Protein chains: 2
Amino acid sequence: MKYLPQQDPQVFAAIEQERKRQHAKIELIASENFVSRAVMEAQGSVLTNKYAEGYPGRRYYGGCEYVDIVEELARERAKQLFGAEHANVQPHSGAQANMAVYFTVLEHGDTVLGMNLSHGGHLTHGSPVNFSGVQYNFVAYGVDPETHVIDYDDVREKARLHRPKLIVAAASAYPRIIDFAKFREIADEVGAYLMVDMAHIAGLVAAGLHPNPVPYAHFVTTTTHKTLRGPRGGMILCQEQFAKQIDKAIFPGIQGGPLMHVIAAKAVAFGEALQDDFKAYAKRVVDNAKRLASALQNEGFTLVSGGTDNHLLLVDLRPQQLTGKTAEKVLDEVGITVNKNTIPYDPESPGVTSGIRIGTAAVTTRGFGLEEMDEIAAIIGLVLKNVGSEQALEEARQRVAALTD
Amino acid sequence: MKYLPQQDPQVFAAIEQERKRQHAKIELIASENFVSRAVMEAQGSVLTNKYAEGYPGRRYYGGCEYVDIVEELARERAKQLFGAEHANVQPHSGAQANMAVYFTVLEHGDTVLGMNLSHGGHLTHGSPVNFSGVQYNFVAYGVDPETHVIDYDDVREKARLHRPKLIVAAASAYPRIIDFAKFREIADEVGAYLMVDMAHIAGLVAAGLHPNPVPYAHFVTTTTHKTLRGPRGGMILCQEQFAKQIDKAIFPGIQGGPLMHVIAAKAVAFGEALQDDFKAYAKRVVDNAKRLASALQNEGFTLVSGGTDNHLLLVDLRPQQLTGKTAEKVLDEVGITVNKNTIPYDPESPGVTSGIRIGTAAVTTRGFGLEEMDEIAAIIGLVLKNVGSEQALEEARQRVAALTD
């Protein structure tokens with residue numbers, strides 16, 4: 001940076017702290033990643049200056065010829081990545097992407113069927129303190145109490161009982177492949193739309209490592225910043241039949257001016273995802289997660305569902321008589337970043353939990369491989385089996401530093 | 001830029017076109033401005049990588065110590081700028097800032113009283129194709145048919161008749177000072193909350209050139225990217241009594257992860273606005289608008305309300321037998337960027353209009369003064385009085401180029 005250090009020493013010092021923090025820690029928050037310098041440069045461009053309400057070639061402001069090129073690049077590359085008939089790259093976030101789909105097909109008070117939030121469903125899939133649960137009548141399906149795999153007969157029963165207008169599939173903390181074909185079959189049985197929120201798994205889908213929801217779902221929502229490794233924001237994919245309605249839902253429905261610089265950054269990220277090396281990256285993410293899962297099991301940990309098919313895993317800490325809150329805190333002390341996370345049928349509150357959620361997307365981006373996964377698991381074992389030993393924690397600290405260099 | 005040109009030639013070429021366009025044109029879109037290089041660098045930082053749901057010291061993710069510093073800098077500087085008791089710097093946009101306030105105090109179907117959209121009110125102040133008009137029951141007050149000043153007796157009558165839960169003051173196309181004291185008096189009479197959407201005038205308020213709504217309003221919303229000259233995004237100000245509710249409305253209510261890099265950019269912009277030179281800048285904006293108004297009147301143009309108290313003006317093109325659409329198009333041909341805009345009591349549709357909206361914030365940022373305002377008015381006169389003369393348009397083109405260098 002050249003101008004920020006002089007203009008704003010306070011902001012610059014804090015940004016520098018954050019940059020150094022991102023290098024020093026072992027980042028295992030499953031929703032996080034590290035964007036490329038190209039993505040960041042696009043976000044830091046003069047495109048922030050442009051009002052561009054509307055869509056390419058159909059804007060409500062003059063002078064949009066070039067931001068139109070940028071938005072169309074984003075849309076076309078997204079369609080190439082996911083094989084979708086239509087893309088809307090304007091959503092400000094995952095929240096707004098989901099909000100727009102709900103606004104498109106539902107009226108206030110309509111019934112929606114989503115994944116149980118404490119089994120892996122997201123805030124925007126019906127929390128009573130979120131617009132989703134306040135605006136629409138959410139009901140929930142669960143995972144099997146033993147296998148922790150989505151119970152598709154429960155999806156079906158809930159759908160047949162409650163008769164939702166919309167069914168939502170996908171999750172913030174589900175470690176297995178989701179069967180979109182079965183969701184669509186159930187949706188078809190009850191005459192419901194199917195929305196798939198692929199936010200977490202989007203990069204894996206792009207790389208052919210998770211089944212693609214696009215051919216099965218009426219609407220696919222996603223963030224651009226998780227396994228897709230792009231800037232912070234949202235996106236909607238859908239068939240041409242819903243294109244006009246979806247676009248109108250984003251604008252003039254729920255947003256105003258789009259963030260053209262972020263949209264540029266989206267285009268860049270999609271371009272990166274189209275490359276062969278991104279496919280190799282995504283395979284390493286999944287390979288690393290499986291290796292980490294196996295290594296943690298070797299350390300004596302129980303995993304929700306018994307492992308992972310994707311980028312993330314959930315440790316059930318009940319065998320260790322630890323809460324997720326306790327584990328999160330102590331791991332923070334040694335430089336490992338995880339989230340406390342409810343496990344299916346958790347006896348603890350969401351503020352406490354019996355689990356920790358871990359993902360490999362970020363560490364894989366920084367070049368971690370199988371050997372590093374073994375060591376991460378070993379350090380987690382050392383820490384969680386010796387929470388009261390400051391010497392154990394100091395050893396962990398040194399081993400974490402050894403990994404981040 | 002260093003990495004983008006190599007990684008993504010297509011995106012880079014389009015960004016470069018846009019950068020050059022921003023230099024070449026006379027930018028008179030009233031909602032636009034040019035951010036500093038420091039603001040852009042903050043947006044292009046690694047802060048995009050950080051999930052930070054929640055608030056400073058009260059986050060749902062570990063490792064937020066430094067993004068907390070950044071967000072608190074934004075909040076404290078905003079409070080210093082506007083004298084507000086509380087700031088929420090997380091809203092992704094003006095849309096989301098307004099959305100959150102509505103979510104805080106209203107239930108589905110509640111009556112809200114806002115400015116007539118064709119008299120200057122914004123999309124999010126009750127358009128039937130926007131969430132505001134779909135979710136809540138909007139009624140409207142108007143300006144006087146002759147003076148084009150808000151009719152405060154109409155505000156009062158509408159309030160007493162319809163009994164709104166909330167009154168919204170502020171506008172996207174109102175060239176005069178708004179009397180927030182009168183709005184609060186009316187709000188008090190009917191037991192309604194008062195929200196002021198100061199998006200357009202925020203920089204002028206910060207500079208003491210427009211009365212501050214903060215002491216009169218329960219909630220003040222704004223964008224950060226208009227006269228405030230910051231990054232693209234939203235903000236909410238309110239008294240401490242509503243702080244908790246407002247914060248909960250933004251998260252977990254209507255958003256998820258905030259854009260920490262944009263929040264950094266907000267802090268930077270607020271820091272710039274706190275400086276003496278920003279006050280001088282804002283005075284030049286208002287001085288320039290008054291000069292431009294006078295100069296246009298000298299060219300024979302009629303202005304809505306007969307001039308301006310702020311950064312923007314509205315030309316009533318009926319005396320010239322031109323539509324706003326026609327004027328917008330021909331000015332585009334010569335390198336002057338304006339919006340078609342409905343005038344109060346417009347006989348034309350919103351797709352056609354009888355007016356153009358012009359603002360001086362952007363041209364003032366690039367260093368334009370009073371002499372430049374005279375020349376801009378002269379060029380607009382030359383163009384709009386000679387729409388059928390290609391030689392006149394070519395002369396205009398050359399004079400525009402002369403201004404932008």
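Residue numbering restarts at 1 for every chain, and letters A, B, ... go by the order of the sequence lines.
- Per-residue counts of heavy-atom pairs under 4.5 Å with chain B were compared for A/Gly63, A/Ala95, A/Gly233, A/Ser93; the largest is that of A/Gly63.
- Counting heavy atoms from C-beta on, the side chains of B/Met99 and A/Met99 come closer than 4.5 Å.
- Contact of B/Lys340 with chain A is not made at all, since no heavy-atom distance falls under 4.5 Å.
- With a 4.5 Å cut-off on side-chain heavy atoms, B/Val129 and A/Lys248 do not count as touching.
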Run the side-chain donor-acceptor check on residues 264-274 of chain B: report pairs under 3.5 Å with partners two or more places apart or on a different chain.
residue: B/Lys266; atom: NZ; partner: B/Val89; partner atom: O; Å: 2.8
residue: B/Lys266; atom: NZ; partner: B/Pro91; partner atom: O; Å: 3.0
residue: B/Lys266; atom: NZ; partner: B/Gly234; partner atom: O; Å: 2.8
residue: B/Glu272; atom: OE2; partner: B/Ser36; partner atom: OG; Å: 2.6

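- Between chain B and the residues A/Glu16, A/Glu328, A/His261, the most heavy-atom pairs under 4.5 angstrom are made by A/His261.
- For chain A, the nearby parts of B/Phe34 are the backbone and the side chain; heavy atoms of each come within less than 4.5 Å.
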Run B/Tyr61 and A/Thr337 through side chain to side chain contact (heavy atoms under 4.5 Å, CB included) and show every step you take. CA-CA 9 Å; B/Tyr61 298 84; A/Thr337 320; over 6 Å; no
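- Neither the backbone nor the side chain of B/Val338 comes within less than 4.5 Å of any heavy atom of chain A.
- For the residue pair B/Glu41 / A/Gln7, no side-chain donor-acceptor distance below 3.5 Å is found, with atom types taken as modelled.
- For a residue to count as touching a neighbouring chain, one of its non-hydrogen atoms must lie under 4.5 Å from one of that chain's; by this rule A/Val262 does not touch chain B.
- With a 4.5 angstrom heavy-atom cutoff, B/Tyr60 touches chain A only via backbone atoms.
- The CG atom of B/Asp68 sits 10.0 Å away from atom CD of A/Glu18, with the distance rounded to the nearest 0.5 Å.
- Only the side chain of B/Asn339 comes within less than 4.5 Å of a heavy atom in chain A; its backbone stays farther off.
- Here B/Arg37 is the residue among B/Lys2, B/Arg37, B/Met40, B/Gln6 with the most heavy-atom pairs under 4.5 Å with chain A.
- Among B/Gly109, B/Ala249, B/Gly253, B/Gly256, the residue making the largest number of heavy-atom pairs under 4.5 Å with chain A is B/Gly253.
- Only the side chain of B/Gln135 comes within less than 4.5 Å of a heavy atom in chain A; its backbone stays farther off.
- Interface remark: B/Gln96 contributes side-chain atoms only to the contact with chain A (heavy atom separation under 4.5 Å).
- Residues B/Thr48 and A/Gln43 have side chains that bring a donor and an acceptor to within less than 3.5 angstrom of each other.
- By number of non-hydrogen pairs under 4.5 angstrom with chain B, the leading residue of A/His108, A/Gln275, A/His92 is A/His108.
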Could you walk me through whether A/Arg21 and B/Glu65 pass salt bridge (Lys or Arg N to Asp or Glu O under 4.0 Å), step by step? CA-CA 10 Å; A/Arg21 194 203 64 78; B/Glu65 290 86 356; 5.6 Å; no
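- Ranked by heavy-atom pairs under 4.5 Å with chain B, the list A/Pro252, A/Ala14, A/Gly62 is led by A/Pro252.
- Defined by atom type and a distance below 3.5 Å, a donor-acceptor pair is present between the side-chain atoms of A/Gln10 and B/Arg77.
- Contacts from residues 24-31 of chain B to chain A, taken as heavy-atom pairs separated by less than 4.5 Å, involve B/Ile29, B/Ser31 in sequence order.
- Neither the backbone nor the side chain of B/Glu107 comes within contact range of chain A; no heavy atom of the residue lies under 4.5 Å from a heavy atom of that chain.
- Of the two parts of B/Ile15, the backbone and the side chain both hold a non-hydrogen atom closer than 4.5 Å to a non-hydrogen atom of chain A.
- Under the 30°/60° scheme for interplanar angles, the aromatic rings of B/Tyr51 and A/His225 are found to be tilted.
- For B/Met1, the parts lying near chain A are the backbone and the side chain together; criterion is any non-hydrogen pair under 4.5 Å.
- Annotation: side chain of A/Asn49 is not in contact with side chain of B/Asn33 (no heavy-atom distance under 4.5 Å).
- We find the CG-CG distance between A/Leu259 and B/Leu259 to be 7.0 Å, quoted to the nearest 0.5 Å.
- The two residues A/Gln255 and B/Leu123 have their closest heavy-atom pair at O-CD2, 4.4 Å.
- Each of A/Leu47, A/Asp8, A/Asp332 has some count of heavy-atom pairs under 4.5 Å with chain B, and the biggest count is that of A/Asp8.
- The shortest distance between side-chain heavy atoms of A/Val11 and B/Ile69 does not fall below 4.5 Å.
- In this structure, the side chains of B/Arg232 and A/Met260 stay at 4.5 Å or more apart for every pair of heavy atoms.
- Contacts between B/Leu73 and chain A at a heavy-atom distance below 4.5 Å involve the side chain alone, from C-beta outward.
- Contact count against chain B (heavy-atom pairs under 4.5 Å) is highest for A/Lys226 among A/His122, A/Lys226, A/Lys329.
- Geometric assessment of B/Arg19 against the ring of A/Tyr66 yields a negative cation-pi assignment under the 6.0 Å and 45° thresholds.
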